[PDB]
Amino acid sequence: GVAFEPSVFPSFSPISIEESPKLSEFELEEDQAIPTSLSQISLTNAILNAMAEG
Amino acid sequence: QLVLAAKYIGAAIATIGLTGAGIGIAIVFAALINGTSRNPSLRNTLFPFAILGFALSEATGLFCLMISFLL
Amino acid sequence: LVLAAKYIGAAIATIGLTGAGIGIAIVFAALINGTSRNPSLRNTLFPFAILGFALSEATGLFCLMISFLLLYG
Amino acid sequence: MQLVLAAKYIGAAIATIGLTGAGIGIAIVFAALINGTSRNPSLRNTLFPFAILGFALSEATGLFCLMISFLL
Amino acid sequence: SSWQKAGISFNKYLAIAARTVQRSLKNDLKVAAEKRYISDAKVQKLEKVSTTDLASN
Amino acid sequence: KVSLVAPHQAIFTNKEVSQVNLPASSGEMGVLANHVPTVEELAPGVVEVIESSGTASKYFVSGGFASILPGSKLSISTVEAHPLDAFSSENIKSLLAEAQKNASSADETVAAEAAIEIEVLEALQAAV
Amino acid sequence: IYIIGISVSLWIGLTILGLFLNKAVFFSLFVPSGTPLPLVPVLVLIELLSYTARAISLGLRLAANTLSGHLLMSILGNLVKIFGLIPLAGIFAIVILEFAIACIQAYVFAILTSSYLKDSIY
């Protein structure tokens with residue numbers, strides 16, 4: 001509550017979210033948008049958390 | 001001559017049960033091939049249920065074949 | 001008459017070919033759909049398809065020998 | 001009689017063709033109960049009561065068809 | 001819906017459903033809630049240090 | 001054990017729950033004790049969480065992604081989560097009437113946005 | 001047309017089997033998937049045996065098309081004895097499907113020959 005530090009957070013794309021190790025452990029609908037929807041929702045969540053901390 | 005004629009036709013009507021034994025060996029292999037790609041049921045685990053499940057489905061074909069072969 | 005009933009044993013015994021013909025396509029449908037999910041290509045799913053097809057084809061080979069033996073012996 | 005004895009043996013084989021519906025019926029309820037119990041959480045109740053009652057209804061077709069072939 | 005044919009992804013579909021549910025609720029319970037659906041930010045794509053036209057929807 | 005955390009406040013936070021029924025994309029799924037892993041998208045329905053007895057809290061979620069971990073953990077991440085008593089019947093009829101008249105009346109994304117708002121307003125008004 | 005179609009299809013099947021056997025004299029043979037098992041020579045119902053079944057299936061298109069046109073004699077006596085306009089719509093749909101079956105049979109025969117030429121060079 002006095003000092004800060006410059007951190008960084010990586011964001012995966014749609015091609016890297018479906019190529020994980022335990023990505024097939026949960027029941028996900030392969031017919032609908034599941035790989036592209038996970039990367040698009042994570043981009044807005046990571047930008048809001050970084051802007052709030054900044 | 002009626003007893004010898006019915007013995008030849010009995011070997012053909014008893015072979016109608018091969019549809020369940022032939023499709024049953026492939027139904028157990030289709031679920032094991034699709035489930036092994038989900039990572040990682042390879043060595044043992046799912047291999048023991050596929051070997052034991054195929055022997056139970058093949059018991060119906062071996063028992064039905066002995067009836068037509070006993071004529 | 002034994003020659004009249006011998007010809008009928010080679011026609012009704014061929015009814016078991018429906019399970020052997022559909023079994024080869026059932027194992028091939030699961031292997032083709034599972035290989036497109038990345039990356040069961042070399043061995044794994046390809047090696048189990050050769051061994052799995054021999055078990056389903058064993059019922060058709062045993063049923064064909066019964067009808068073939070009545071037409072010759 | 002020769003005609004009465006020949007029809008009794010043929011009747012016991014044609015009536016036994018209905019075992020395919022009774023045999024596959026017990027496996028259809030068992031396949032849904034095995035896959036449904038893995039999705040949480042009906043194991044000893046809920047789905048356990050419908051599986052015991054559902055198997056008795058499917059087995060009624062095999063018991064009724066067996067009495068016809070046994071009495072012929 | 002059919003949001004895959006347009007240029008709406010998962011971020012634009014989730015923001016449209018949250019803004020429509022807040023406006024359809026109680027009008028008196030809108031305290032500290034109108035600022036989460038209104039922004040004055042702009043976007044301008046740069047090239048080479050020149051930039052093009054500034055857009056803000 | 002639930003982890004229903006929104007993007008403005010925390011509802012479940014700590015693991016102190018039992019059963020929870022949330023509307024997903026397919027059907028109205030419901031988590032029990034040791035739930036299986038299922039990461040399905042949540043639709044605009046009612047997300048009720050039964051607290052042991054009949055102390056359930058009906059929370060009208062706006063849609064998100066119900067994540068179920070393998071260690072009997074349910075993470076219901078939604079954008080907005082409000083109760084059923086925080087909505088008005090007179091104000092809900094004004095939003096549904098304006099979205100029906102604006103649908104199929106223009107071009108661009110004006111007619112496409114009115115179809116999604118009319119379907120979400122009709123489901124919340126029928127659960128009173 | 002029926003006897004000439006079966007004789008022409010038998011000559012195409014013998015040429016496919018002779019071309020694959022001539023290429024095996026200088027490019028090994030094998031032609032069998034091995035996966036730690038055996039009894040691969042007993043299931044030799046392809047290559048040589050597949051040419052006889054493919055020639056009878058492709059050559060039967062000429063006999064099947066003539067059977068659809070010859071079936072109009074039984075429906076002509078009943079329509080000249082409900083309204084008879086239902087036979088004109090049914091004969092037009094069967095004639096369009098029979099003419100379109102020639103293009104599907106020609107594409108199926110060319111696809112079967114592509115698998116034999118690719119496997120003989122691999």
# chains A, B, ... in the order shown; residues from 1 in each chain; ligands from 1
call {"tool": "residues_around", "arguments": {"residues": "residue G:55", "least_positions_apart": "3", "cutoff": "6 Å", "atoms": "only C-alpha atoms", "output": "PyMOL selection string"}}
result
chain G and resi 9+13+52+58-59
call {"tool": "residues_around", "arguments": {"residues": "residue A:42", "least_positions_apart": "4", "cutoff": "10 Å", "atoms": "only C-alpha atoms", "output": "MDAnalysis selection string"}}
result
(chainID A and resid 11:13 37:38 46:48) or (chainID E and resid 10:11)
call {"tool": "residues_around", "arguments": {"residues": "residue F:34", "least_positions_apart": "6", "cutoff": "9 Å", "atoms": "only C-alpha atoms", "output": "list in words"}}
result
residues 40 and 41 of chain D; 70, 71, 72 and 73 of chain F
call {"tool": "residues_around", "arguments": {"residues": "residue C:72", "least_positions_apart": "2", "cutoff": "12 Å", "atoms": "only C-alpha atoms", "output": "list in words"}}
result
residues 3, 6, 7, 9, 10, 65, 66, 67, 68, 69 and 70 of chain C
call {"tool": "atom_distance", "arguments": {"atom1": "atom CA of residue D:30", "atom2": "atom CA of residue D:55"}}
result
8.6 Å
call {"tool": "residues_around", "arguments": {"residues": "residue E:2", "least_positions_apart": "2", "cutoff": "12 Å", "atoms": "only C-alpha atoms", "output": "ChimeraX atom specification"}}
result
/A:32-33 /E:4-9,13 /F:109,112-113,115-116
call {"tool": "closest_atom_pairs", "arguments": {"of": "chain A", "to": "chain F", "cutoff": "9 Å", "atoms": "only C-alpha atoms", "output": "JSON lines"}}
result
{"residue": "A:25", "atom": "CA", "partner": "F:37", "partner_atom": "CA", "distance": 6.5}
{"residue": "A:26", "atom": "CA", "partner": "F:38", "partner_atom": "CA", "distance": 4.3}
{"residue": "A:27", "atom": "CA", "partner": "F:38", "partner_atom": "CA", "distance": 4.2}
{"residue": "A:28", "atom": "CA", "partner": "F:39", "partner_atom": "CA", "distance": 5.6}
{"residue": "A:29", "atom": "CA", "partner": "F:40", "partner_atom": "CA", "distance": 7.1}
{"residue": "A:34", "atom": "CA", "partner": "F:41", "partner_atom": "CA", "distance": 8.4}
{"residue": "A:45", "atom": "CA", "partner": "F:7", "partner_atom": "CA", "distance": 8.7}
call {"tool": "residues_around", "arguments": {"residues": "residue F:56", "least_positions_apart": "5", "cutoff": "12 Å", "atoms": "only C-alpha atoms", "output": "PyMOL selection string"}}
result
chain F and resi 17-21+46-51+83-84
call {"tool": "write_last_selection", "arguments": {"atoms": "N, CA, C and O atoms", "output": "tab-separated table (two decimals), in the first residue's frame"}}
result
chain	number	residue	atom	x	y	z
F	17	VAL	N	-21.05	-25.26	0.93
F	17	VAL	CA	-22.31	-25.49	0.23
F	17	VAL	C	-22.54	-26.99	0.09
F	17	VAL	O	-21.76	-27.80	0.61
F	18	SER	N	-23.61	-27.36	-0.61
F	18	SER	CA	-23.93	-28.77	-0.81
F	18	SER	C	-24.38	-29.02	-2.25
F	18	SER	O	-23.67	-29.68	-3.02
F	19	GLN	N	-25.54	-28.49	-2.62
F	19	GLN	CA	-26.09	-28.65	-3.96
F	19	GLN	C	-26.32	-27.29	-4.59
F	19	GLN	O	-26.58	-26.30	-3.90
F	20	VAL	N	-26.21	-27.24	-5.92
F	20	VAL	CA	-26.40	-26.01	-6.68
F	20	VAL	C	-26.92	-26.38	-8.06
F	20	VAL	O	-26.35	-27.24	-8.74
F	21	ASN	N	-28.00	-25.72	-8.48
F	21	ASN	CA	-28.61	-25.95	-9.78
F	21	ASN	C	-28.49	-24.68	-10.61
F	21	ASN	O	-29.10	-23.65	-10.27
F	46	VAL	N	-31.70	-19.06	-14.03
F	46	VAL	CA	-31.67	-18.90	-12.58
F	46	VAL	C	-30.66	-19.90	-12.02
F	46	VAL	O	-30.71	-21.09	-12.34
F	47	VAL	N	-29.75	-19.41	-11.18
F	47	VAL	CA	-28.73	-20.25	-10.56
F	47	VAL	C	-29.01	-20.38	-9.07
F	47	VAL	O	-28.53	-19.59	-8.26
F	48	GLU	N	-29.80	-21.39	-8.70
F	48	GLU	CA	-30.15	-21.63	-7.31
F	48	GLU	C	-29.16	-22.59	-6.67
F	48	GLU	O	-28.75	-23.58	-7.28
F	49	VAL	N	-28.77	-22.29	-5.44
F	49	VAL	CA	-27.82	-23.10	-4.68
F	49	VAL	C	-28.51	-23.50	-3.38
F	49	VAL	O	-28.73	-22.66	-2.50
F	50	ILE	N	-28.84	-24.79	-3.26
F	50	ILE	CA	-29.51	-25.29	-2.06
F	50	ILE	C	-28.48	-25.39	-0.94
F	50	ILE	O	-27.44	-26.04	-1.08
F	51	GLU	N	-28.78	-24.74	0.19
F	51	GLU	CA	-27.89	-24.73	1.35
F	51	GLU	C	-28.43	-25.75	2.35
F	51	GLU	O	-29.31	-25.45	3.16
F	83	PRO	N	-30.52	-11.42	-7.11
F	83	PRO	CA	-31.62	-12.27	-6.65
F	83	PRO	C	-32.90	-12.00	-7.44
F	83	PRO	O	-33.00	-11.05	-8.21
F	84	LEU	N	-33.88	-12.87	-7.21
F	84	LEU	CA	-35.17	-12.73	-7.89
F	84	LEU	C	-36.02	-11.62	-7.29
F	84	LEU	O	-36.92	-11.11	-7.98
call {"tool": "residues_around", "arguments": {"residues": "stretch 56-65 of chain D", "least_positions_apart": "6", "cutoff": "8 Å", "atoms": "only C-alpha atoms", "output": "ChimeraX atom specification"}}
result
/D:15-16,18-19,22,25-26
call {"tool": "write_last_selection", "arguments": {"atoms": "C-alpha atoms", "output": "compact mmCIF listing (two decimals), in the first residue's frame"}}
result
# COMPACT_ATOMS: atom_id res chain seq x y z
CA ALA D 15 -41.06 -68.94 -29.50
CA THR D 16 -37.42 -68.70 -28.35
CA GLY D 18 -38.00 -63.37 -28.57
CA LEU D 19 -34.95 -63.63 -26.30
CA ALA D 22 -35.41 -59.43 -23.42
CA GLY D 25 -33.52 -54.80 -22.64
CA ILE D 26 -31.61 -55.68 -19.48
call {"tool": "atom_distance", "arguments": {"atom1": "atom CA of residue F:114", "atom2": "atom CA of residue F:101"}}
result
8.6 Å
call {"tool": "atom_distance", "arguments": {"atom1": "atom CA of residue G:98", "atom2": "atom CA of residue G:72"}}
result
14.2 Å
call {"tool": "interface_residues", "arguments": {"of": "chain A", "to": "chain B", "cutoff": "10 Å", "atoms": "only C-alpha atoms", "output": "number ranges by chain"}}
result
A: 21-25
call {"tool": "write_last_selection", "arguments": {"atoms": "C-alpha atoms", "output": "mmCIF file, in the first residue's frame"}}
result
data_model
loop_
_atom_site.group_PDB
_atom_site.id
_atom_site.type_symbol
_atom_site.label_atom_id
_atom_site.label_comp_id
_atom_site.auth_asym_id
_atom_site.auth_seq_id
_atom_site.Cartn_x
_atom_site.Cartn_y
_atom_site.Cartn_z
ATOM 1 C CA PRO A 21 -2.404 -31.441 -21.179
ATOM 2 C CA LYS A 22 -5.618 -31.862 -19.163
ATOM 3 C CA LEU A 23 -7.913 -29.917 -21.503
ATOM 4 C CA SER A 24 -10.067 -32.973 -22.291
ATOM 5 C CA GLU A 25 -10.749 -33.778 -18.622
#
call {"tool": "select_by_dssp", "arguments": {"residues": "chain A", "states": "helix (DSSP H, G or I)", "output": "JSON, numbers by chain"}}
result
{"A": [14, 15, 16, 17, 35, 36, 37, 38, 39, 40, 41, 42, 43, 44, 45, 46, 47, 48, 49, 50, 51, 52, 53]}
call {"tool": "interface_residues", "arguments": {"of": "chain D", "to": "chain F", "cutoff": "12 Å", "atoms": "only C-alpha atoms", "output": "MDAnalysis selection string"}}
result
chainID D and resid 35:43
call {"tool": "interface_residues", "arguments": {"of": "chain G", "to": "chain C", "cutoff": "9 Å", "atoms": "only C-alpha atoms", "output": "PyMOL selection string"}}
result
chain G and resi 33-37+39
call {"tool": "write_last_selection", "arguments": {"atoms": "N, CA and C atoms", "output": "PDB file, in the first residue's frame"}}
result
ATOM      1  N   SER G  33      -0.539 -54.717 -43.199  1.00  0.00           N
ATOM      2  CA  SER G  33      -0.317 -53.957 -41.976  1.00  0.00           C
ATOM      3  C   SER G  33       0.057 -54.909 -40.845  1.00  0.00           C
ATOM      4  N   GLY G  34       1.237 -54.708 -40.266  1.00  0.00           N
ATOM      5  CA  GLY G  34       1.727 -55.534 -39.177  1.00  0.00           C
ATOM      6  C   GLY G  34       1.645 -54.786 -37.856  1.00  0.00           C
ATOM      7  N   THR G  35       1.059 -55.449 -36.858  1.00  0.00           N
ATOM      8  CA  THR G  35       0.902 -54.880 -35.518  1.00  0.00           C
ATOM      9  C   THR G  35       1.074 -55.982 -34.480  1.00  0.00           C
ATOM     10  N   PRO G  36       2.280 -56.584 -34.410  1.00  0.00           N
ATOM     11  CA  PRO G  36       2.544 -57.661 -33.439  1.00  0.00           C
ATOM     12  C   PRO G  36       1.485 -58.754 -33.438  1.00  0.00           C
ATOM     13  N   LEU G  37       1.120 -59.234 -34.625  1.00  0.00           N
ATOM     14  CA  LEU G  37       0.115 -60.281 -34.754  1.00  0.00           C
ATOM     15  C   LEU G  37       0.366 -61.094 -36.018  1.00  0.00           C
ATOM     16  N   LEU G  39      -1.620 -64.207 -39.085  1.00  0.00           N
ATOM     17  CA  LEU G  39      -2.793 -64.621 -39.858  1.00  0.00           C
ATOM     18  C   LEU G  39      -3.255 -63.508 -40.797  1.00  0.00           C
TER      19      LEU G  39
END
call {"tool": "interface_residues", "arguments": {"of": "chain B", "to": "chain D", "cutoff": "12 Å", "atoms": "only C-alpha atoms", "output": "number ranges by chain"}}
result
B: 10, 13-14, 16-17, 19-20, 24
call {"tool": "closest_residue", "arguments": {"among": "A:7, A:35, A:40, A:2", "to": "residue A:20", "atoms": "only C-alpha atoms"}}
result
A:35
